[PDB]
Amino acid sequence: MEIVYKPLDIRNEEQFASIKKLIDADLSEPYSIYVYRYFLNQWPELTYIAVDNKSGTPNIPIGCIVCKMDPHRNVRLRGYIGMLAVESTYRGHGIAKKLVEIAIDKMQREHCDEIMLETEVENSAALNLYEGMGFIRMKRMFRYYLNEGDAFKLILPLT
């Protein structure tokens, strides 16, 4: 298994469609097509995909992470991780971890002071991933995901 991590090619639309195809299977909150075009078209450099070079389909995205950055309050830039998903047959191989690393490293190159994200309290897989990278819980939102459960606001300070 040979995994290659690529920055999003905005002109590649079949790659764009496979990103939505993958994210939509593993999300609880459904996203319209303009949810994706809000992230990818405005922040193309902050979306990465993972492909398997030795697989039968080399360029198909088996995993991807989608991020954005905006100035928080007035004096700080806050990077945001909105979407992260890995194919079900590829989990447990460190793929998502390296996708988060290459995303936070990119946002750190773009002079982000912090990375923020929300996730369910019941998502033990995602919590161990982020908190193991230095994230800490700053907030608990009551029924943020409705009947899915409460949420944790995670922040990783960079500067």
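Residues carry their position along the shown sequence, with the first being 1.
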Read off the CA B-factors in the entry, average them over 135-143 and over 10-18, and name the higher stretch.
10-18
With reference to the PDB entry, specify whether the mean Cα temperature factor is higher for 52-60 or for 31-39.
52-60
Could you tell me which one of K68, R91, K106, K98 shows the highest CA temperature factor in the PDB record?
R91
From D26, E120, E45, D113, residue of greatest CA B-factor
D26
Would you check the entry's CA temperature factor for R73 and let me know if it's in the chain's lowest, middle or highest third?
highest
